[PDB]
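S.K.: Would you be able to build a 3D model of this:
(8 chains, ligands or ions: 8)
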Amino acid sequence: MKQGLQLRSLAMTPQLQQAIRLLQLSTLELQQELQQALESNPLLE
Amino acid sequence: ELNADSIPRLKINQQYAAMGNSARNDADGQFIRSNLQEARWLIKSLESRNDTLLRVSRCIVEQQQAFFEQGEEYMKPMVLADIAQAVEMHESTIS
Amino acid sequence: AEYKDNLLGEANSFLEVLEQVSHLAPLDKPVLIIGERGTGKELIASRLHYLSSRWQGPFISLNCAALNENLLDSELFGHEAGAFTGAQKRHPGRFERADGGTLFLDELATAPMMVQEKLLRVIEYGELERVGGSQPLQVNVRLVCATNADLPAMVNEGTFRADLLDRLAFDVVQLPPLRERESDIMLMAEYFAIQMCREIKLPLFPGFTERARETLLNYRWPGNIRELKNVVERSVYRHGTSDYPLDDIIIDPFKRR
Amino acid sequence: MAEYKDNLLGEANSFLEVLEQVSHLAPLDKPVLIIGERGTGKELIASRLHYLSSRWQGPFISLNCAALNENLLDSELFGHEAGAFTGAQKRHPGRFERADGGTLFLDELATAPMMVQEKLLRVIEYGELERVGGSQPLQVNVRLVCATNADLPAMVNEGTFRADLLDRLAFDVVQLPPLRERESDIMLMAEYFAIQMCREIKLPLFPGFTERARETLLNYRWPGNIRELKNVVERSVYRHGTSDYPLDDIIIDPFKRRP
Amino acid sequence: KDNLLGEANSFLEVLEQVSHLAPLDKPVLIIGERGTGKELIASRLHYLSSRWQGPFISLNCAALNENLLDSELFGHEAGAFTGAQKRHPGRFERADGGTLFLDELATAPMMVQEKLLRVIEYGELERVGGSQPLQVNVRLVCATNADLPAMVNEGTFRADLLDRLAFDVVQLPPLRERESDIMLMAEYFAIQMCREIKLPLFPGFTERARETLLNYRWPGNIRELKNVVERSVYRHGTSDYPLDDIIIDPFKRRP
Amino acid sequence: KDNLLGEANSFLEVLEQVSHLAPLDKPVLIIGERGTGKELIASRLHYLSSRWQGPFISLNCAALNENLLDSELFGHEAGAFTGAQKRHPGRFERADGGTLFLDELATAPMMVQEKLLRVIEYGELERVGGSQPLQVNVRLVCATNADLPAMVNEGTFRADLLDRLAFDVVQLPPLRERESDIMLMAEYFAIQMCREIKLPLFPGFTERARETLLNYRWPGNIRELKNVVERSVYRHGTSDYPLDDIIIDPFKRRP
Amino acid sequence: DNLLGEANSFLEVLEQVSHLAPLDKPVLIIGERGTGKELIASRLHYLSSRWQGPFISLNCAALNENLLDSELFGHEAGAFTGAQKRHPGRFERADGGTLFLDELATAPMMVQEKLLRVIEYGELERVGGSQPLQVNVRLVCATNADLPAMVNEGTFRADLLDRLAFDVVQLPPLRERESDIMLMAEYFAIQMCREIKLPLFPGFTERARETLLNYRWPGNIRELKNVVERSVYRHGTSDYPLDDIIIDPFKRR
Amino acid sequence: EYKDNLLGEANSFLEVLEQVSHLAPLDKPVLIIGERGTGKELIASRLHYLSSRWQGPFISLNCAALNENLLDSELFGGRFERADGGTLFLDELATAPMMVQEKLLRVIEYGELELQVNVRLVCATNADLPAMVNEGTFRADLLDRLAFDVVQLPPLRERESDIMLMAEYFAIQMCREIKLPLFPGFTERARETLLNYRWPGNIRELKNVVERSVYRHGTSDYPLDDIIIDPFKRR
Ligand SMILES: Nc1ncnc2c1ncn2[C@@H]1O[C@H](COP(=O)(O)OP(=O)(O)O)[C@@H](O)[C@H]1O
Ligand SMILES: Nc1ncnc2c1ncn2[C@@H]1O[C@H](COP(=O)(O)OP(=O)(O)O)[C@@H](O)[C@H]1O
Ligand SMILES: Nc1ncnc2c1ncn2[C@@H]1O[C@H](COP(=O)(O)OP(=O)(O)O)[C@@H](O)[C@H]1O
Ligand SMILES: Nc1ncnc2c1ncn2[C@@H]1O[C@H](COP(=O)(O)OP(=O)(O)O)[C@@H](O)[C@H]1O
Ligand SMILES: Nc1ncnc2c1ncn2[C@@H]1O[C@H](COP(=O)(O)OP(=O)(O)O)[C@@H](O)[C@H]1O
Ligand SMILES: [Mg+2]
Ligand SMILES: [Mg+2]
Ligand SMILES: [Mg+2]
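M.R.: Numbering: from 1, shown residues only, chains lettered A, B, ... in the order given. Ligands and ions are numbered 1, 2, ... in the order given. The relevant structure is shown in the block below.
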């Protein structure tokens, strides 16, 4: 109602932002990107 | 229905997942953990994309069922903010 | 086009009122009412919205009573961002609810006079009074009202300023009293008997004794429709009532033993 | 320049002269106050001055006085944001702060709190800026508009309105010709609203005006000047009838139960 | 730091009081009706004070936010439930020997009264969640429209305020009392007005109505004087516009 | 120890009472008119008391905003509170081991008293998110111009708590009741202003002004004393002519 | 295990109190104005199985903000990390021992409503800590100057009070007994004289005591304490017996 | 079954029990009328005990009131998740926040923001809800959708004859717990006092009075004639 004290988060930028930006892409755009990325990771299938 | 076959699946190499904790070397474990975190972030990103797409698609198909049924001649004025308000879709991740 | 749901409005004056509504339906101006209690008025308001058959939703449905703090109905013209604490993004709501539509004014007489003044200030020019620093924005939507409150009485009271009162003067409706309607009442009585028999899907509509309908008539019946709906389920509450006709209608929920 | 009055529902009696005086007063930006009755063209006069918002860049600012609820109204005066209130957000300055140079249309409600009006008056008298904080007031000019809907010197005697606020206000008033006074284009603006109503109805043609109806129109107390006249006009228009009869019954009192 | 002097011997003595007080930083009151120009004289003292290059800027007592009263004189440092920022002190903290004319003191909350009663204590500025207070010298000055004893008999302001009353509140003479340069004040005000009116000069002028205005209520010394001056001028706006039949009655029904 | 204005026999009795009271770490309060300056006596005592060195607290009553002692006295140095967190300095936390003069506690919320009661009686409090309350070694002090004898009689104090807030109150005599150190106060004021005004010499006051003081009922006493000092400062005039007419009723408009 | 007055009826009440003291059923503790007989509960808890058990006490006047997570169950999960930095809620602090409440008659009766539930097996679940409780930590409350007519006055929930206790706690009037008057008087006198580093007790006039024996005992034990202190300071001299009784520091000369 | 605690020999208690037993088979939402402490939710205990979905986790548990964002996190996770499939409780229904009450009612059927879990909601209220509707303190829509079929409770004044039996039962349980050798015996003075004992509460009042009375008695050999009652107060 009025004003006094009380009241109270945040998101992430850069890395989370890059991951999110990858999804606005096309379907096969995401697929080729996934292939290129999986080319590196030794802990993924 | 989401094209699940056209939906890629991100699998984590479980053999590496079982070959890092036993690593008495800290550098290998740290690199493995960082790779796992990045891969989990990527898989979660793809999954979130798929889920938001499914929700917004349900909203639009509800909105564009007349466009789906009668056709483009009966294609209703459909907008993202209206669709986002109608289906509680993402306010900016959707955009 | 879209057809309004059936209403037992058998009163000849009720038919006349329906006709007046029908004439007003192409028209688009304020629509007020005498707000008979226990009498299903905004159902008629919906039949109106339905008669308009506007694309999208123009049949907003919100009263005034829950707007206990002034802030609530104040937020019928919501908040944009950061006025007071922003608990959620774009606190705006209930205003675009009939984006290109109309407003149903229920519990209207209880509204604050300051709230009333704000509402009227919105009425003509249409400016968006969003709490917090911003620019207004109109919208081609309407409004409508229905209340047992006596408008001349409140004008004597001055509860709301006269400007708004006249600003609302575009269509009135005096609903018949519950004690006023009798034949339509028994008609809707059988109607609700059948409707309950349908919705519950009980095997048999029991019926009602002639004594049953007569005693229901001897009932206070303060609400012709609202009380009848409660009585409907009250008899539907009884188990095995559907198999054989019974005059067991539960008036008082507190009635026991 | 001059913009066509989108409405000139004006009175040849003296609202012609009233409008002339307004036009003469228009060029300056000094204190601007008016006066009138319940629903008596006073918004329309507001539009008159807003057209008289000379040149361009007439930032129309509306001060719906009986609004603003109770609490944050104070901020609506000055300016929110910073980290101040229960929230934090970008500088939504007060409504007066939000408009710099704009036209300050007073809603002639007469606020219950004289001090709140005085706080607005102190900002209204001059703006020194709020470099300390947006909680304060800033360095803004504005065109300002007032009007009257009640008895001013009475309230001065009644203590309802502070004399100092009154002294700053009403440098040049603008009273209005009541329905009991203006009474000029009664039939004229009557048929004006009638034509507007027919065009809205997409109507075939105006059936006309009854001599009994015109006599009643002359006899009308007209509790509301501008709108209530238009109100009853709409009342008859909705009442409507065959094109055979020019006018039928009286729409002055729709409240009355329908025959 | 000056204006259209009302040109009064009383005004002379009041200016004398101001000049005598000029170096002093003692807290000061005033009881002036609208159009008195005491605020203008107050700020004239502020610029002409010993602290000529001092930070001198008022803040209407009516201004403060309902809860921000502590945030009024002091200013936010840490926490406060904001969760961010809130590191800016108060304009009163921003004073430090400077001036903030306590205008509107006639109406501040008794709550506001007592919080200031703390401010009347020498130094010791406390902020939210604070460590150590600030003893920050600041020049104090105020003006009111009403009678301090009247409020006192009402008990309207606590006698703590009367303690806060420190320098002898000079008072503006009434309009009927001032009656000093009415024609001359009219002349200067009308010079300014015709400048704004952009008309060449007052060919009408005349002064019989000037004496008639000498028989006027003049509720505001400058609030009404010049107000009515402009009202009549704008109703005229013609070169040959004299002091005859020009009325101060904007509320009243003219013909 | 400290500059004490006055050498009255009742004042001497009060001073001896202070001497006796000095060991009594037990909190009590003082009753005096506004502008009494008893706080100064309390401070001189506290320095001369067991805390020959300790903390010192001013603690204006009207100084909190819906904010607990862990936001007011205890402090939220233990952070982790709702909203953001940090290290938060705390008054009663800081005070422990010092001098805690409560300021004009008469005007205090019932909630304030609600906290302070347990804060004092056991002397263990806890804070914003703490394990244990510990205890404070500070000196709990207070005074207010009100006569709580009617306040808690009105209920305006938790008379139980306020009594428990007290051990053996001390109240200074009224100066108008004292009616003695008029000359000495006058002389001290004359010298003090002559320094302050950078004056050459004190003109002195006629015995007429002495008799005016003899009639100066002086509702402010030490406050009125300084008020009279202000009167003299404005009435500085000339050091050669002794101050003739001292009594300045500023609320009386001159001329 | 403490110093305090005693009377025959007071002794009987203390006996019944000890009889209840090992028992874990909570009872309602009502005291004289100048009683603060909290030490009695302290004995009772020692006389309870919590002789080594928990003994957390809080006064229900000291809250913080509209609601306090620490008041029942809270931690540092306001936003962002959401970490139970101090999961230990009030009952979590007080689990398995004396949960003592003061300032009872004087909080938001909504908090009483809230209390009723925690009173019933806690089951408090915070973001910091989620637990069904029902942990038999010794429950007791005080600051009972209020009356059930306050429920008639509508101060709080009569149901909450009714479910609060099954057995009582009384407080004989201080103006009633006046038996150990000189006794505890000399006791406090010596305690202060040691605290005052005073030489010795010079005695007091029997007339002084008898005049002092006339008092309503409005502050009971607290009145005794403050009165003794004031009389001692007024004596200011262990030379002659204290023939003076300081009736009220509310006084003048 | 679950121990014949508060086994109401008042045949009215039996009839209420029979209606509840019928409702026990039903998985539809439900509520009961009574006063808490005057038998707080004892029927709720019976219903959970008489859970036909016996393995169904009747976590239930809704007498109290939590915080604001607490209602936010509970409705949008506890709520149906707190008692998935199982029975849903509700009490102090007069204590719900308007936002909270709206959230609950919407979950019962559906909401308007732009579903739920479990079956067999169970509730009860301690005050006259119709007056609250007259006061306008909630949604009457919720009131109706809730008001399908109820379970009233007999008043303490109404609970008259079996009171001696309930008192004896409380005595048995107490002496078992109190380690007292035996219920020292019924006395005409005590029975008459209980008859006069208006006992605004039913269960809590009688139980607390008996607790005080037995603690006073302390003599399993010596019966108590006319033990007074008070669970608090000074002397
Ligand atoms: N034709 C209908 N079909 C279903 N429900 C109806 C109908 N007419 C009335 N009602 C019911 O009657 C209730 C109250 O009606 P009404 O008397 O119009 O409200 P009010 O008391 O505001 O006038 C509503 O909840 C509505 O569901
Ligand atoms: N020529 C016109 N053009 C537009 N509206 C008009 C005209 N003549 C009358 N009206 C109507 O009459 C009313 C004028 O009074 P208004 O300014 O609204 O009342 P108030 O003086 O209480 O503020 C409005 O409803 C306005 O729409
Ligand atoms: N000496 C002066 N010369 C010119 N204008 C003055 C003078 N004194 C006052 N004024 C006018 O008075 C107005 C300020 O009003 P003011 O008298 O300060 O009200 P109040 O005294 O109630 O605060 C200003 O617009 C200013 O032009
Ligand atoms: N013992 C004293 N001797 C001389 N002047 C004193 C003495 N005590 C107070 N004063 C004077 O009285 C005023 C003190 O007022 P203040 O400390 O605010 O009193 P209060 O106890 O009412 O808060 C100052 O002007 C100070 O010089
Ligand atoms: N019988 C007794 N004889 C002496 N002192 C007692 C006795 N009972 C209690 N006291 C003490 O008297 C004091 C009463 O004051 P206080 O603690 O403020 O009471 P309360 O907690 O009721 O406000 C406490 O120190 C308490 O321990
Ligand atoms: Mg209705
Ligand atoms: Mg002014
Ligand atoms: Mg206490």
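S.K.: Stretch A:29-36 near chain B at all?
M.R.: Yes. Judged by Cβ under 8 Å from any Cβ of the partner chain, stretch A:29-36 comes into contact with chain B at A:30-31, A:34. In short, each C-beta sits where N, CA and C put it, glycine included.
S.K.: How about that stretch, which residues are buried there?
M.R.: A:30, A:34 (16 or more other Cβ atoms under 10 Å in any protein chain shown).
S.K.: any idea which residue sits dead centre in chain C?
M.R.: Nearest to the geometric centre of chain C sits residue C:42, at 2.7 Å (Cα atoms, centre = their mean).
S.K.: Quick one: classify that residue as helix, strand or coil.
M.R.: Recorded secondary structure, residue C:42: helix (DSSP: H, G, I helix; E, B strand; the rest coil).
S.K.: For the residue nearest to it when sequence neighbours are not counted, grab the count of nearby residues.
M.R.: In space, and not counting its chain neighbours, residue C:42 is closest to residue C:104: 5.6 Å by Cβ to Cβ, 6 or more residues apart in numbering or on different chains. For residue C:104, the neighbour count with other Cβ atoms under 10 Å in any protein chain shown is 23.
S.K.: what does chain B have sitting close to chain A?
M.R.: For chain B, the residues in contact with chain A (Cβ under 8 Å from any Cβ) are B:6, B:8, B:10-14, B:16-17, B:20, B:32, B:35-36, B:38-39, B:41-42, B:44-46, B:48-49, B:93.
S.K.: Tell me where chain B has helices.
M.R.: Assigned by DSSP state H, chain B shows helices spanning B:14-18, B:26-63, B:65-69, B:80-87.
S.K.: related to what we said a few turns ago, just the buried members of the residues of chain B next to chain A?
M.R.: The neighbour-count test (16+ other Cβ under 10 Å) marks B:8, B:10, B:12-13, B:16, B:20, B:32, B:35-36, B:38-39, B:41-42, B:45-46, B:49 as buried among the residues of chain B next to chain A.
S.K.: Could you find which two of the residues you listed are furthest from each other?
M.R.: The most widely separated members of those, counting by Cβ to Cβ, are B:20 and B:49 (28.1 Å).
S.K.: Tell me how many other residues surround the residue in chain C that ligand 2 sits nearest to.
M.R.: Distance from ligand 2 to each residue of chain C (Cβ to the nearest ligand atom) is smallest for residue C:163, at 4.4 Å. For residue C:163, the neighbour count with other Cβ under 10 Å is 23.
S.K.: returning to what we had before: could you single out the most deeply buried of the helices of chain B?
M.R.: When the helices of chain B are scored by mean count of other Cβ atoms under 10 Å in any protein chain shown, the highest mean neighbour count falls to helix B:80-87 (a mean of 17).
S.K.: Can you give the distance of it from its chain's centre?
M.R.: Relative to its parent chain, helix B:80-87 has a centroid offset of 19 Å by Cα atoms, centre = their mean, to the nearest Å.
S.K.: Can you give the contact residues for the helix or strand hosting residue A:35?
M.R.: Residue A:35 is part of helix A:27-38 when elements are defined by DSSP states H and E. With contact meaning Cβ atoms under 8 Å, 6 or more residues apart in numbering or on different chains, helix A:27-38 is reached by A:22-23, A:25, A:44, B:6, B:8, B:10, B:42, B:46, B:49.
S.K.: Could I get the CA-only coordinates of it as CSV?
M.R.: The C-alpha trace of helix A:27-38 is given here as CSV (Å, rounded to 0.1, in the frame of the first residue of the first chain):
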residue,chain,number,x,y,z
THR,A,27,16.4,-26.1,-36.3
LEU,A,28,19.2,-27.4,-38.6
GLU,A,29,21.2,-24.3,-37.4
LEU,A,30,21.0,-25.8,-33.9
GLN,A,31,21.7,-29.3,-35.3
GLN,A,32,24.9,-28.4,-37.1
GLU,A,33,26.0,-26.3,-34.1
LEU,A,34,25.4,-29.2,-31.8
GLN,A,35,27.5,-31.4,-34.1
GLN,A,36,30.3,-28.9,-34.1
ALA,A,37,30.1,-28.6,-30.3
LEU,A,38,30.0,-32.3,-29.7
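S.K.: By residue count, what's the longest helix in chain C?
M.R.: helix C:183-199.
S.K.: counting contacts, what elements does it pack onto?
M.R.: helix C:210-218, helix C:226-237 (3 or more Cβ pairs under 8 Å, 6 or more residues apart in numbering or on different chains; DSSP states H and E).
S.K.: In that helix, which of the residues would be classed as buried?
M.R.: C:184-186, C:188-189, C:191-193, C:196-197.
S.K.: residues in contact with it?
M.R.: Residues outside helix C:183-199 that contact it (Cβ under 8 Å, 6+ apart) are C:8-11, C:14, C:178, C:202, C:204-208, C:213, C:216-217, C:221, C:224-225, C:228-229, C:232-233, C:235-236, C:242.
S.K.: now those residues: which count as buried?
M.R.: Those of the contacts of helix C:183-199 that meet the buried threshold are C:8-9, C:11, C:14, C:178, C:202, C:206, C:208, C:213, C:216, C:221, C:224-225, C:228-229, C:232-233, C:235-236, C:242, by 16+ other Cβ under 10 Å.
S.K.: Which ones among those residues also lie next to chain H?
M.R.: Among the buried ones among the contacts of helix C:183-199, the ones lying near chain H by Cβ under 8 Å from any Cβ are C:229, C:233.
S.K.: Any part of stretch C:148-168 near chain D?
M.R.: Yes. Using Cβ under 8 Å from any Cβ, stretch C:148-168 reaches chain D at C:151-152, C:161-163, C:166-167.
S.K.: Quote the end-to-end distance of that stretch.
M.R.: 15 Å (Cα to Cα, to the nearest Å).
S.K.: Ok, stretch C:141-148 next?
M.R.: 25 Å.
S.K.: Contacts for that stretch next, please.
M.R.: C:28-37, C:41-42, C:44-45, C:48, C:58, C:98-109, C:123, C:168, C:171, C:173, C:175.
S.K.: Weed out the non-buried ones from these.
M.R.: The buried subset of those - by 16+ other Cβ under 10 Å - is C:28, C:30-36, C:41-42, C:44-45, C:48, C:58, C:98, C:101-109, C:168, C:171, C:173, C:175.
S.K.: show me which of the residues you listed neighbour ligand 1.
M.R.: Among those, the residues that sit close to ligand 1 (Cβ under 6 Å from any ligand atom) are C:35-36, C:41-42.
S.K.: now, which of the contacts of helix A:27-38 sits nearest residue C:64?
M.R.: residue B:49 (43.5 Å).
S.K.: Of the contacts of stretch C:141-148, which belong to helices?
M.R.: Those of those lying in helices (DSSP H): C:41-42, C:44-45, C:48, C:123.
S.K.: what's the farthest-apart pair in those?
M.R.: C:44 and C:123 (22.0 Å).
S.K.: ok so, going back, tell me which of the buried ones among the contacts of stretch C:141-148 fall in strands.
M.R.: Using DSSP state E, the members of those that fall within strands are C:104-105.
S.K.: Double-check residue B:12 against residue A:43; I have them as touching.
M.R.: Yes. Using Cβ atoms under 8 Å, residue B:12 is in contact with residue A:43, at 6.2 Å.
S.K.: Common neighbours of these two, please.
M.R.: B:36, B:39.
S.K.: got the contact list for whichever residue of chain B sits closest to chain E?
M.R.: Closest to chain E within chain B is residue B:92: 21.4 Å, counting by Cβ to the nearest Cβ. Applying Cβ under 8 Å, 6+ apart to residue B:92 gives no contacts.
S.K.: Cheers, nothing more for now.
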